[PDB]
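Summary of the model geometry
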Amino acid sequence: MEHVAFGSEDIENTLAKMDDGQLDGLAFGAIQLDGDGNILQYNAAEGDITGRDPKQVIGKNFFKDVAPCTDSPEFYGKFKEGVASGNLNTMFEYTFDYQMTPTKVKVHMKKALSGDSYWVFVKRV
Ligand SMILES: *C(=O)/C=C/c1ccc(O)cc1
């Protein structure tokens, strides 16, 4: 395992050192998005939660293509305000229900330490 707790205050500094292989050792799902919502990184734990194959969703748009259930003011709306503002740090519960059994999760969205990238972290509840 990589030992990093979900919700940790300095998580963006810790994850700045990991490559795709290290990200697969986290105890929670991790997605890195660009400012348009395209998927740059997608770890093994996220694929275990949602059924998606990580290598197949990299490059797709999360809000348009992969996760239309998140295209709502409650999820995408928060993301886009964060990108526009250049700051984002929010945690909320959500249900993922597209082409899968409805699954309740906790989501943490946080701006990355690098400029135009954003993390989405997911764990079951
Ligand atoms: C709603 O459409 C949610 C879909 C979804 C969430 C998270 C993922 O990693 C993949 C699909």
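Residues numbered from 1 in each chain as written, not as in the entry; some residues may be left out. Heavy atoms only, no water.

Method of determination for the deposited model, per the PDB record: X-ray crystallography, at 1.6 Å resolution.

The phi torsion at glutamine 99 lies on the positive side, around 55°, for a residue other than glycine. Positionally, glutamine 99 belongs in the loop between β3 (89-96) and β4 (103-111). Look at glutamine 99 and you get exposed, because its relative accessible area is 66%. (Helix = DSSP H or I, 4+ residues; strand = E, 2+ residues; numbered from the N terminus. Buried < 20%, exposed > 50% of the residue type's maximum accessible area, 1.4 Å probe, protein only.)

A few words now on the pairing of strand β1 (residues 29-34). Taken across its 6 residues, β1 has 6 buried, putting it largely inside the fold. Strand direction decides the pairing type here: β1 and strand β5 (residues 117-124), joined by 6 bridges, are antiparallel. Across the sheet, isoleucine 31 pairs through a bridge with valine 120, a residue of β5. The pairing of β1 with strand β2 (residues 39-42) spans 3 bridges and is classified as antiparallel. Across the sheet, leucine 33 pairs through a bridge with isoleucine 39, a residue of β2. The turn linking β1 back onto β2 is made up of 4 residues, and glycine 37 within it adopts a positive phi angle of 90°. (Pairing = 2+ DSSP bridges.)

What follows deals with the pairing of β3. Looking at chain direction, β3 and β4 are connected through 8 bridges and run antiparallel. Residue pairing across strands places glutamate 93 opposite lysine 106, the latter belonging to β4. From the end of β3 to the start of β4, which pair antiparallel, there are 6 residues, and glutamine 99 there has a positive phi angle of about 55°.

Attention now moves to empty space enclosed by the protein. As enumerated under the stated definition, the model contains 1 cavity of 30 Å³ or more in all. Counted as a void, the largest cavity has a volume near 110 Å³. Together, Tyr42, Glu46, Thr50, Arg52, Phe62, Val66, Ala67, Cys69, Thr70, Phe96, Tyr98 and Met100 line the largest cavity. If you list the elements that add at least two residues to the lining of the largest cavity, you get α3 (44-50) and α5 (62-66). When grouped by side-chain class, the residues that make up the lining of the largest cavity number 8 nonpolar, 2 polar and 2 charged. (1 Å grid on protein atoms, 1.4 Å probe; cavity = no way out; pocket = protein on both sides within 12 Å on 5 of 7 lines; lining within 4 Å. Points joined across faces, edges and corners; volume = space filled by probe spheres on them. Nonpolar A, V, L, I, M, F, W, Y, C, P; charged D, E, K, R; others polar.)

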